[PDB]
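Remarks on the structure that follows.
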Amino acid sequence: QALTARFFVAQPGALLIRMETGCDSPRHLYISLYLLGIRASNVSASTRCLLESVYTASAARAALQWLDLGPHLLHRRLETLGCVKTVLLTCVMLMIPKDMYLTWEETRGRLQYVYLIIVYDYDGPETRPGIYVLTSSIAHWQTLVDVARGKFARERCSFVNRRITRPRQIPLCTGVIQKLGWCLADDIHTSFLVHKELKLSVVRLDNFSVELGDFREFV
Amino acid sequence: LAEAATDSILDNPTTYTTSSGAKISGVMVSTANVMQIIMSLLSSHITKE
Amino acid sequence: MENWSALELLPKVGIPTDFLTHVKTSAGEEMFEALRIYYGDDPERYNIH
Amino acid sequence: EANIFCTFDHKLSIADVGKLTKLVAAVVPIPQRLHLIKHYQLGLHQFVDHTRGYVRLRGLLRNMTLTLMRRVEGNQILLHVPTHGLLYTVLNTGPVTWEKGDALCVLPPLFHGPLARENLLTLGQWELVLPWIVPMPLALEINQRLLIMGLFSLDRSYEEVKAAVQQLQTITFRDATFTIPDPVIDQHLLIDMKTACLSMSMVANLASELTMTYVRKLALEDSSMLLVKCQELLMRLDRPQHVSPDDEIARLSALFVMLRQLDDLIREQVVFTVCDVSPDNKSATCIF
Amino acid sequence: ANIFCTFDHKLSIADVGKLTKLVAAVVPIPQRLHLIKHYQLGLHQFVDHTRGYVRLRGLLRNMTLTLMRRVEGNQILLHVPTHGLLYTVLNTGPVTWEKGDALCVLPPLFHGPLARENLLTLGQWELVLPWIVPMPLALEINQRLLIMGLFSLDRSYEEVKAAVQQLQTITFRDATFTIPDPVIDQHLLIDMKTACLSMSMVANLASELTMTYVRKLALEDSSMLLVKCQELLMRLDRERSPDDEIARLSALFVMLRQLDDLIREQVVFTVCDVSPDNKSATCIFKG
Amino acid sequence: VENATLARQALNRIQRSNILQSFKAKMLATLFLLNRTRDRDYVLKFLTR
Amino acid sequence: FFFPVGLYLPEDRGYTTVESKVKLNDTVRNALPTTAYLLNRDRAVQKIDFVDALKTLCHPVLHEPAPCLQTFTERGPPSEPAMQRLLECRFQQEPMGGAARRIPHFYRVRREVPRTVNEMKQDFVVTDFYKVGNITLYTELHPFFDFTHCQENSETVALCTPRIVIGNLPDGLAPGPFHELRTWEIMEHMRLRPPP
Amino acid sequence: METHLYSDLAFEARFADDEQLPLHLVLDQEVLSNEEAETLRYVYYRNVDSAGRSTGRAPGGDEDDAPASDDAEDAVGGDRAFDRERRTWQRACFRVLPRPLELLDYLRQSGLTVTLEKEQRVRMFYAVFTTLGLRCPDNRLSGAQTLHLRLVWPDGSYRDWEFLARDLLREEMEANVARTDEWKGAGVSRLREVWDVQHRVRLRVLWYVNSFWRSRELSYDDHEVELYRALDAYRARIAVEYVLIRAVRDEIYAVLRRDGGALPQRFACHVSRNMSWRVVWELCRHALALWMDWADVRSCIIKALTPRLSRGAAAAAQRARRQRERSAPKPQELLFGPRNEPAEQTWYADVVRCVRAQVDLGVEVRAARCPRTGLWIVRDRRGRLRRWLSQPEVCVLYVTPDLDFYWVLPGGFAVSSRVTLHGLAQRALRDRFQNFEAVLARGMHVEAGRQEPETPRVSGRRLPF
Amino acid sequence: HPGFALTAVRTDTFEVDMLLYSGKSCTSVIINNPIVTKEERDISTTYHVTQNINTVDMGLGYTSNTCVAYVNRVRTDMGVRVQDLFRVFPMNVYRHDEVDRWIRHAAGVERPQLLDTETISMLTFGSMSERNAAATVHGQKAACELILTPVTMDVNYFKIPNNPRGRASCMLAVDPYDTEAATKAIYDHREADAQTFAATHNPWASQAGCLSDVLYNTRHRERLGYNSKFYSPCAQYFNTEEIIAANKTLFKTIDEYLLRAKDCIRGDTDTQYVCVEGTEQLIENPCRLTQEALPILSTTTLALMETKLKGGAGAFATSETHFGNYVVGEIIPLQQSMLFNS
Amino acid sequence: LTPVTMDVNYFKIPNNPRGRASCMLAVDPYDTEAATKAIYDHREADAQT
Amino acid sequence: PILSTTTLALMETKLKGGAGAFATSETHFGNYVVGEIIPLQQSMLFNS
């Protein structure tokens, strides 16, 4: 059930994320999901080094200019658009790296939803985000935020430690949960991909039905 | 196996009668290989009619 | 909970029978779902309401 | 994938299927979401267990999926999962009067009082217990009131808690009466109160120095009834120098998100919203 | 699921010629009836002297909202959207739309304006449409109205007047608005007053209830989050009967439940490709 | 052909395991036909299969 | 299917119904079984021993007698007053420095002490333990724990105490000759079957 | 480690209105059992001053210098003493780590740093962490102010430990960013064991060097006459049950002197003409002396008096007196009104045996009145009959919930009397064994009178999660 | 060899073709004309077409006799690999952490696992913790065991097909609708059992509250932390409430056998996971109806297995005994001449 | 070879001489991790013995 | 597996064997026999 547009910009499995530019002429920018792999801190350093090696542009330097401009405010600029039918390009309003994908079950529930999970660290100098994507079977939001509070207690401790050690600096949240649609339990498969003659470890989701959610802030 | 089963009471003595007066008194169904073992073992009693 | 009066009053079709075990053994050992074993003679089939 | 079949080990009499055919377009939850199911997981009686917690059932029935019963013809019940958006017709057995604007949320069936507890299908070990469909203000009042039962009653004897919750269990909403029987203090209640404590401490710390003194300024200025209520609620323990616009903007943003993560414990996302109620208050045509 | 609407008064040709410009825009209506008189249509029936804007937001949140489709002789083809399928709208909001945002619906803030809806009026009636603004500007201007109302109780001083004059301005992409005060002549509107009162008193109830409930909670299994919670409370403090606490907690919950037109801004649309002049945009109705 | 294995069916684990068991069984047991047995009915049944 | 491993057969009734068909070496790893040999799906020999059995025998659930103690309190005191006679023992606190002189003051009464249930479990042969003439079959519930009913403050309570040694296993269930056969095994494990 | 930080900060908080110090404690297997510590509900404390016997009562004197005087309806000064003694007990912070651990290695693996004079080995099996408060009334602290400490179990049973202030501070008084991270960084000064008063229980106290109590400049003195007054207070608090026992003993001797000893039969056991009774009389004397020897607080009359002290016994005594003071029934209430209705008694017993010199103290017994006669017949709590009235080598004492009395020699002959608590005051009888009613915590329902689920049971065998 | 001797209990599924025989005109078949149902999909249309069948069995008794005929494929391996008891009770750790790390190192399981909350057991049908290995040359595997007494006479007990718990627990032979006599028959030891006229044959297995009753009873395995997906083959013998529930009349008992008493086991994993709602296969059990189990060919020394494999016809069913060694002779000769005729 | 290795169920049954399974049918298709695990690795057993 | 003794006595008792004696697999004290599963010597040499 395709609902398409045209988006002024090789795999079909990409999530166009519309991030807001601090510069005033574009007012926004369409970054794909793989370039949060370079800002994530849960990821392996080798895959981060590979994506830093392949994708240096002037717009990548402006991307690091305008995402690290305002820290702990990235959820005010985070905005998804759905999946790619073909790559100017189009996007409907699934390729995932191996370490940014995680599951807290035996992933043996038949119908399972997907969920973008981000977290905000504070125990270092300022802020290190960690990008996740959570394939889970829970449908209701409160039970999901209970198991997220159960699985991410150290980030809550870091949140309250930032609120007690830097009183002039105000945080906003500890992260974002947001659904995107569902894949079944059988087409999820550890897999392989080579882009521009490079080895990168990818796990794929095949039968996706796109159905978005909202960026629900939680603690 | 034949004499252990009780006969039914919805009895139709017109249907399922062979030529030369033999009345059918049951059906014995199995797979390919068990039936061909029965045929290769008990071939003397088989009357293909 | 059934209408056994309809079983005892309505006109019936006859059958040749062959039970598996004895009939009273088929009564006391619950082979069917609904049974109405009364000994002697019961006049319960007459109060037509 | 859309129609869910089921079966019983019993057969179905004309009395039982006559009890059941009146329940066309009635809501029945499913724990599993599979194509063919058994009737020993249909409904809710697989999950009911008294002296375990009404709040555990409130957190558990919240997690099941929902279906609508129709087209019964003999060993086929045909639950039908509603698609996201089309107009459906439902039927409620939970005795609450409805309204064209009020949305709906599902609650486990509390006891109503008459010691009827109607189960409408009685088998050898399994009755059929049915989820209540109730309007949104009663759902919010139920959630906030059993959270009051949880949060208020820590470190107290049974006597003053008995005298409080004997009058606090009653909700008189639209000429009815209600009772919240099992508010028992579970680990689920402890993590709910822990999130409530964290959110209350955050909105107590990172709110402004001028929002704390707003009602004090209205006390010094104005006189109303709820102002007298605020003075009796706060007065027992009793020129702006600092101005900062953008810090107040970020402060209200943080106050908003922490109020939202306090409010999430009682406010469920809606499951049905009506377009018409039947005037004898039996069925309704609602969109979800 | 198509709606109709008839006007009782004489309707001219200039009024239709200025109304049919609004061929595809949102018009919220109080009850989903199949035929509705035009007095209920729109938002003119709600505005008055004493009540302000937060009342309009609260009644518009629980109100259903539909789409205007076509015009006829004296029947108006309103059409309620369905969840998931996509439609076209117009832009009555004053901000240029772009791709893929999330539109909100808020009551318009130009009450008694310089545009005056093209003099599309009848006898003691006027049509008015709500703004359709994307979400960051929506909850931004919600915060702006809120802390404009907070400063309103001591405004005799002059630096707070310049602070309010800063708050009255706004910034966006090629967008400057001047959203007027809730205060007019040394008094406040009652729904704005009860909104800021509800949030200030739930803040105070938190400030004098958390110091009880960290001790009434922490005698269970303690955590590092709990000692850091009392650390936060104790830095806040050193910076300086059942019958009462049951009322404190009940008033806590019911007064935080009066901010529900502020704390949750519920998305109603998803933007698709836009038009040149940025007045029209196909979109997906959500919720 | 001893089990339903039409060519569009994709096998799970235990099916392939008993297929391999039967591979080794019918490779060891019936490797050379006419050097082991000179029986009429065995070569008839084998050629029929 | 079911098959036993490691069973010890009685020796006084010992019989060999094969003598010419098989002949073995007299080392006692062959004159006392400890493992079993079975058949696979294909007809092949395979070993089942205690080495694979530590995936079940070394579990924390095997060593908890609290369900056994709860069900022994549930099905609690015995039936007959004829079996109230063998079930009295006391766990008190006596100052032992006084007891070192009070030992002749204990025997100055002339009333007999009844034997407890553990003494009642060793006056049976290995083939009479499994008959209805035996009394203590309602007590032998676990190979790691001894059970009894003993009156503390004059009420019969159930109590489980772990047999910390395997020597505390009763001789109807682990007899003397089996123990000496285990010693012959443990001497052959250290290459000492001729003793010095 | 965790609850020490919280309670230390909370005692920084509440120092303005209640002036106590943070006395952090840990305990071990030398005090409470693993089955007893796995299910431990909540700990309690209330410290006794040198001249005043509590804190929650009035500062100078009290009303508790009046005796109960063997009243019937008001058991011990009514029920105001119940809420008064409940008001003086405070609830303390609490945690149990139910797994084997080395304290120095556990605090080293956690955030703290140990700086001891020497690294001795404390091998303990499970650690329960709690903080109590010794109260400084002025800046001055008294060396005879003792600190009591309860351990409350979910059934309602409790043990009682208490200890003075000389053994808590025998050395640590004679040796004189955020808060949490510096508390973690500097940490614990040292560790020493503290004993109770009766040298029974060895538990350990933890002295943290980042305690704010070091910054209050507390003064201290331990005089001899204050320690002697604390010795007399402890003498009374130990002598309460024992003077009740002596009142029972001279009650039995006086009621034997009164009627001479030609005492009737009050229990249902047969007798034979031929058997001599000089032997059973000498056995009665020897066994009463033996019961005088092995007298203990865990006995029949004390556990019979424990549910007497609460408010429910006062309400049941009022309604039972109103029911037993009721006139002859009239036909007007018999014919139309609600009709009226004490099935079988709930006693306690001490059974003493002369030939084996073993008394058995805590016994429950359900008595019954035999229908054929006016005699008493005892039965077990399960339902079997009690055959100790056959044995000529035994004796048995009895006590009613009416607090009547039966001392029964072999043959069912009972020396009847009543208990005497005229010679005892109120405050010791309350604060020794006042029956405590449970407060709401995890695992229990809101309204009273409900079926209870399983305990929370913070477990040492299961994964605790 | 320690001071106890295990009896092992395993299950063994099969692929079997059973023939059937029914009398003439036994069950009338009632069919109808089919109905079509249109459904609107995105581009194309599916036409659901149904047809109903009613079947009136017109014999008094059972009119159709079937017989298990010919085994061809053995689905499991008939192996010896031990039931992974660490995965079925994932909660229970030892008290001391070092002895638990040392036991998990000396065993195979790498860590204690945390079993999920009950809502995930509602949404997902179960846990299924054990991961399938890379070797599947034998099939799926299961073998569990019962700790017994090492004196236990096999001659009365392990040669003939018998109950592995010691007491006869077949409620066909007891009075129907009598719970007290059933509990007196299968639990009381002041009177002998029915199979052999002795008390028991393994007193750690029969008593209500033994280790077998706290390791296998599904009424009593819920208290300690257990997993509902691993199929214990002894659970058909130790589930006491499931056994006393079948204490009925023999015709309703045989209808329970031919209708209800068929388990399902999932057929794509190498560990026997409990299938939920079998709609593609069904595992019928005669060894739950008869409440016994059959002895498999086991020896103790190699050379006695060699003299079994050296013999021919009529060799797998004898039962020889050396001095301390033994061989239990199987009663069903399926190891001898099922794969021999292949 | 190593001179200890058992022969009673290894050397007299059809078997692979490398020691392990190496059958390549019992593994899942197109899963090289489980392939190289079950041919080479030694934290697990073969499907044969 | 093919026929492989380790002492000549087992080869002699298999060369004196009439029919099917090649199928067995016998073991002495440390001296063994691998028995064939394909009866190859009997078949191919009985065909001569």
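We name chains A, B, ... following the order of the structure tokens; residues begin at 1 in each chain, and ligands are numbered from 1 as shown.
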- Message: Using only C-alpha atoms, I'd like every residue of chain E that has an atom within 8 Å of chain D; please write them out as an MDAnalysis selection string.
- Response: chainID E and resid 31:32 62:63 82:84 143:144 147 150 153:154 157 160 163 167 197 200:201 203:204 206:207 210 213:214 216:217 229 232:233 236 242 245:246 248:250 253 256:257 262:264
Just to be explicit: take each residue in the selection above, keep C-alpha atoms, and write the result as a PDB file, in the first residue's frame.
```pdb
ATOM      1  CA  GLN E  31     -21.442  17.126  16.164  1.00  0.00           C
ATOM      2  CA  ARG E  32     -21.088  14.586  13.360  1.00  0.00           C
ATOM      3  CA  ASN E  62     -12.456  17.360  21.740  1.00  0.00           C
ATOM      4  CA  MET E  63     -14.305  18.650  18.661  1.00  0.00           C
ATOM      5  CA  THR E  82     -10.731   8.925   7.390  1.00  0.00           C
ATOM      6  CA  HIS E  83      -7.583   7.673   9.123  1.00  0.00           C
ATOM      7  CA  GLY E  84      -4.918   6.671   6.598  1.00  0.00           C
ATOM      8  CA  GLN E 143       4.596  28.359  25.510  1.00  0.00           C
ATOM      9  CA  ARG E 144       4.629  32.006  24.369  1.00  0.00           C
ATOM     10  CA  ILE E 147       4.598  32.714  29.880  1.00  0.00           C
ATOM     11  CA  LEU E 150       2.484  34.253  33.806  1.00  0.00           C
ATOM     12  CA  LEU E 153       0.105  39.577  37.505  1.00  0.00           C
ATOM     13  CA  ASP E 154       2.898  42.057  38.262  1.00  0.00           C
ATOM     14  CA  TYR E 157       7.445  47.311  36.468  1.00  0.00           C
ATOM     15  CA  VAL E 160       9.099  43.015  32.640  1.00  0.00           C
ATOM     16  CA  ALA E 163      10.293  41.302  28.431  1.00  0.00           C
ATOM     17  CA  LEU E 167       7.644  37.709  24.048  1.00  0.00           C
ATOM     18  CA  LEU E 197      -3.302  28.692  38.133  1.00  0.00           C
ATOM     19  CA  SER E 200       1.421  26.855  39.158  1.00  0.00           C
ATOM     20  CA  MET E 201      -0.520  24.937  41.792  1.00  0.00           C
ATOM     21  CA  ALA E 203       4.080  22.786  40.593  1.00  0.00           C
ATOM     22  CA  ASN E 204       3.549  23.863  44.212  1.00  0.00           C
ATOM     23  CA  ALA E 206       4.843  18.727  43.657  1.00  0.00           C
ATOM     24  CA  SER E 207       7.195  20.995  45.615  1.00  0.00           C
ATOM     25  CA  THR E 210       7.850  15.114  46.910  1.00  0.00           C
ATOM     26  CA  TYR E 213       6.797  10.827  49.203  1.00  0.00           C
ATOM     27  CA  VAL E 214      10.536  10.212  48.872  1.00  0.00           C
ATOM     28  CA  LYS E 216       7.060   7.247  52.069  1.00  0.00           C
ATOM     29  CA  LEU E 217       8.499   5.452  49.019  1.00  0.00           C
ATOM     30  CA  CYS E 229      16.086  12.153  43.847  1.00  0.00           C
ATOM     31  CA  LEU E 232      17.773  17.002  43.978  1.00  0.00           C
ATOM     32  CA  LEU E 233      15.122  17.744  46.620  1.00  0.00           C
ATOM     33  CA  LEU E 236      16.302  22.575  46.192  1.00  0.00           C
ATOM     34  CA  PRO E 242      -4.951  11.117  56.041  1.00  0.00           C
ATOM     35  CA  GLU E 245      -2.935  14.376  52.058  1.00  0.00           C
ATOM     36  CA  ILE E 246      -5.828  12.609  50.322  1.00  0.00           C
ATOM     37  CA  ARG E 248      -3.581  17.119  48.237  1.00  0.00           C
ATOM     38  CA  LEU E 249      -3.087  14.098  45.992  1.00  0.00           C
ATOM     39  CA  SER E 250      -6.582  14.262  44.487  1.00  0.00           C
ATOM     40  CA  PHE E 253      -4.051  14.767  39.754  1.00  0.00           C
ATOM     41  CA  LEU E 256      -2.653  18.426  36.288  1.00  0.00           C
ATOM     42  CA  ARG E 257      -5.513  16.972  34.224  1.00  0.00           C
ATOM     43  CA  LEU E 262      -1.194  22.063  26.652  1.00  0.00           C
ATOM     44  CA  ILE E 263       0.894  19.053  27.680  1.00  0.00           C
ATOM     45  CA  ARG E 264      -0.199  16.885  24.738  1.00  0.00           C
TER      46      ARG E 264
END
```
- Find the residues near residue 118 in chain G: any atom within 12 Å, counting only C-alpha atoms, skip ones fewer than 6 places away on the same chain, and give them as JSON, numbers by chain. {"G": [86, 87, 88, 89, 124, 135, 136, 137, 139, 140, 145, 146, 147, 148, 149, 161, 163, 168, 169, 170, 171, 172]}
- Message: Need the shell around residue 36 in chain B: protein/DNA/RNA residues with any atom at most 12 Å away, counting only C-alpha atoms. Skip same-chain ones fewer than 3 positions apart. Format as a ChimeraX atom specification?
- Response: /B:29-33,39-43 /F:41,44-46,48-49
How about saving the chosen residues, C-alpha atoms kept, as a JSON list (two decimals), in the first residue's frame?
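What landed in part_12.json:
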```
[["chain", "number", "residue", "atom", "x", "y", "z"],
["B", 29, "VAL", "CA", -7.83, -48.06, 2.84],
["B", 30, "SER", "CA", -4.09, -47.57, 3.32],
["B", 31, "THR", "CA", -1.15, -45.90, 1.57],
["B", 32, "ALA", "CA", 0.73, -46.95, -1.57],
["B", 33, "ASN", "CA", 3.52, -49.00, -0.01],
["B", 39, "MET", "CA", -0.62, -57.30, -2.82],
["B", 40, "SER", "CA", 2.86, -58.84, -3.12],
["B", 41, "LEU", "CA", 2.16, -60.90, 0.01],
["B", 42, "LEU", "CA", -1.52, -61.81, -0.46],
["B", 43, "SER", "CA", -2.02, -62.01, -4.23],
["F", 41, "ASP", "CA", 9.49, -61.12, -6.04],
["F", 44, "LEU", "CA", 9.84, -57.36, -9.09],
["F", 45, "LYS", "CA", 8.95, -55.16, -6.10],
["F", 46, "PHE", "CA", 12.20, -53.21, -6.49],
["F", 48, "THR", "CA", 7.98, -51.58, -9.39],
["F", 49, "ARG", "CA", 9.23, -49.01, -6.88]]
```
- Message: Could you pull out the strand (DSSP E) residues of range 29-171 of chain E, going by DSSP on the backbone, and write them as number ranges by chain?
- Response: E: 35-37, 65-71, 76-79, 86-90, 103-106, 121-122, 125-126, 131-134
Selection file, N, CA and C atoms, as a compact mmCIF listing (two decimals), in the first residue's frame:
```txt
# COMPACT_ATOMS: atom_id res chain seq x y z
N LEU E 35 -26.75 16.43 8.47
CA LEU E 35 -27.21 17.73 7.99
C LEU E 35 -27.18 18.69 9.17
N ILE E 36 -26.42 19.77 9.05
CA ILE E 36 -26.18 20.67 10.17
C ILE E 36 -26.39 22.11 9.71
N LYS E 37 -27.13 22.88 10.51
CA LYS E 37 -27.34 24.29 10.23
C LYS E 37 -26.04 25.06 10.43
N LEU E 65 -13.13 17.42 13.43
CA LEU E 65 -12.73 18.37 12.41
C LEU E 65 -12.83 17.72 11.04
N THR E 66 -13.43 18.43 10.09
CA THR E 66 -13.76 17.89 8.79
C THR E 66 -13.10 18.72 7.70
N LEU E 67 -13.36 18.33 6.46
CA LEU E 67 -12.80 18.99 5.29
C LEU E 67 -13.91 19.47 4.37
N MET E 68 -13.78 20.72 3.93
CA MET E 68 -14.68 21.33 2.97
C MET E 68 -14.32 20.85 1.57
N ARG E 69 -15.32 20.40 0.80
CA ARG E 69 -15.03 19.82 -0.51
C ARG E 69 -15.59 20.65 -1.66
N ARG E 70 -16.90 20.87 -1.74
CA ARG E 70 -17.51 21.54 -2.88
C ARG E 70 -18.62 22.46 -2.41
N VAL E 71 -19.07 23.32 -3.32
CA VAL E 71 -20.17 24.23 -3.07
C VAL E 71 -21.29 23.91 -4.06
N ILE E 76 -23.73 22.62 1.30
CA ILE E 76 -22.27 22.71 1.38
C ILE E 76 -21.72 21.32 1.65
N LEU E 77 -20.84 20.85 0.78
CA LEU E 77 -20.37 19.47 0.86
C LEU E 77 -19.17 19.39 1.80
N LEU E 78 -19.45 19.35 3.09
CA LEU E 78 -18.42 18.98 4.05
C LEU E 78 -18.15 17.49 3.96
N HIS E 79 -16.95 17.08 4.35
CA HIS E 79 -16.54 15.70 4.17
C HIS E 79 -15.54 15.31 5.25
N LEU E 86 -5.35 9.80 1.98
CA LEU E 86 -4.74 11.11 1.83
C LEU E 86 -5.63 12.06 1.04
N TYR E 87 -5.59 13.33 1.42
CA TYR E 87 -6.47 14.36 0.87
C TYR E 87 -5.64 15.59 0.54
N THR E 88 -6.31 16.64 0.07
CA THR E 88 -5.69 17.93 -0.19
C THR E 88 -6.29 18.96 0.75
N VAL E 89 -5.50 19.95 1.13
CA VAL E 89 -5.97 21.04 1.97
C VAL E 89 -5.52 22.36 1.37
N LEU E 90 -5.90 23.44 2.02
CA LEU E 90 -5.30 24.74 1.77
C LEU E 90 -4.57 25.20 3.02
N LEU E 103 1.24 18.85 10.85
CA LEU E 103 0.39 20.01 11.10
C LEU E 103 -0.41 19.83 12.38
N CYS E 104 -0.59 20.93 13.10
CA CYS E 104 -1.49 21.00 14.23
C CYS E 104 -2.67 21.87 13.85
N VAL E 105 -3.69 21.89 14.70
CA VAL E 105 -4.83 22.77 14.54
C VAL E 105 -5.05 23.49 15.86
N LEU E 106 -4.96 24.82 15.82
CA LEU E 106 -5.11 25.69 16.97
C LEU E 106 -6.06 26.82 16.61
N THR E 121 -19.80 37.77 6.01
CA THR E 121 -20.64 37.78 7.20
C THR E 121 -22.09 37.65 6.77
N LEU E 122 -22.93 37.29 7.73
CA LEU E 122 -24.37 37.43 7.64
C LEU E 122 -24.80 38.24 8.85
N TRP E 125 -23.44 37.00 12.30
CA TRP E 125 -22.71 35.76 12.12
C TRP E 125 -21.55 36.01 11.17
N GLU E 126 -20.45 35.30 11.38
CA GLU E 126 -19.26 35.39 10.55
C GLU E 126 -18.57 34.03 10.52
N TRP E 131 -6.29 28.07 12.28
CA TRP E 131 -4.99 28.00 11.63
C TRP E 131 -4.53 26.55 11.53
N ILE E 132 -3.74 26.27 10.51
CA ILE E 132 -3.13 24.96 10.33
C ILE E 132 -1.62 25.19 10.34
N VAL E 133 -1.00 25.10 11.51
CA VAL E 133 0.41 25.43 11.67
C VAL E 133 1.19 24.16 12.03
N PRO E 134 2.40 23.98 11.50
CA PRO E 134 3.25 22.86 11.93
C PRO E 134 3.58 22.89 13.42
```
- Item | Residue contacts of residue 15 in chain F (12 Å, only C-alpha atoms) excluding same-chain residues fewer than 5 positions away, as a VMD selection string | (chain F and resid 2 to 5 9 to 10 20 to 22) or (chain I and resid 15 73 to 76 136 to 140 267 to 270) or (chain J and resid 25 to 28)
- Pull out every residue of chain A that has at least one atom within 7 Å of chain I, counting only C-alpha atoms, and report them as number ranges by chain. A: 106, 108-109
- Which value, in Å to one decimal, gives the distance between CA of residue 27 in chain C and CA of residue 170 in chain I?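 A separation of 22.8 Å between them.
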- Task: Identify, with DSSP run on backbone atoms, the residues in chain J assigned to alpha helix (DSSP H), and express the list as a list in words.
- Result: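 Filtering chain J to alpha helix (DSSP H) leaves residues 32, 33, 34, 35, 36, 37, 38, 39 and 40 of chain J.
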With the cut-off set at 12 Å and counting only C-alpha atoms, tabulate each residue of chain G with an atom at most that distance from an atom of chain J, showing the nearest atom pair and its distance in Å to one decimal, ordered by chain and increasing number, as a tab-separated table.
```
residue	atom	partner	partner_atom	distance
G:37	CA	J:9	CA	10.0
G:38	CA	J:9	CA	10.2
G:39	CA	J:9	CA	9.3
G:40	CA	J:49	CA	8.8
G:41	CA	J:48	CA	10.4
G:42	CA	J:13	CA	8.9
G:43	CA	J:13	CA	8.2
G:44	CA	J:9	CA	5.3
G:45	CA	J:9	CA	4.4
G:46	CA	J:9	CA	6.1
G:47	CA	J:9	CA	8.9
G:48	CA	J:49	CA	11.5
```
What does the file look like for those residues with C-alpha atoms, as a PDB file, in the first residue's frame?
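Heads up, here's the output in part_22.pdb:
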```pdb
ATOM      1  CA  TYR G  37      25.539 -48.734  26.202  1.00  0.00           C
ATOM      2  CA  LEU G  38      22.504 -48.237  23.968  1.00  0.00           C
ATOM      3  CA  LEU G  39      21.546 -48.163  20.290  1.00  0.00           C
ATOM      4  CA  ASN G  40      21.027 -45.162  18.024  1.00  0.00           C
ATOM      5  CA  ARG G  41      18.536 -44.884  15.168  1.00  0.00           C
ATOM      6  CA  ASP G  42      21.083 -46.528  12.947  1.00  0.00           C
ATOM      7  CA  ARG G  43      22.213 -49.692  14.697  1.00  0.00           C
ATOM      8  CA  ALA G  44      25.347 -48.402  16.416  1.00  0.00           C
ATOM      9  CA  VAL G  45      26.803 -48.528  19.908  1.00  0.00           C
ATOM     10  CA  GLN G  46      26.814 -45.322  21.926  1.00  0.00           C
ATOM     11  CA  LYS G  47      27.724 -44.492  25.511  1.00  0.00           C
ATOM     12  CA  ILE G  48      25.486 -43.027  28.189  1.00  0.00           C
TER      13      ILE G  48
END
```
- Output as a PyMOL selection string the set of chain B residues within 6 Å of chain I, with distances taken over only C-alpha atoms. chain B and resi 5-8+25-30
Which chain H residues have any atom within 12 Å of an atom of chain A, and for each, what is the nearest pair of atoms with distance in Å to one decimal, counting only C-alpha atoms, rows sorted by chain and number, as JSON lines?
```
{"residue": "H:177", "atom": "CA", "partner": "A:165", "partner_atom": "CA", "distance": 6.1}
{"residue": "H:178", "atom": "CA", "partner": "A:165", "partner_atom": "CA", "distance": 6.6}
{"residue": "H:179", "atom": "CA", "partner": "A:164", "partner_atom": "CA", "distance": 10.0}
{"residue": "H:180", "atom": "CA", "partner": "A:161", "partner_atom": "CA", "distance": 10.0}
{"residue": "H:181", "atom": "CA", "partner": "A:161", "partner_atom": "CA", "distance": 10.1}
{"residue": "H:465", "atom": "CA", "partner": "A:150", "partner_atom": "CA", "distance": 10.1}
```
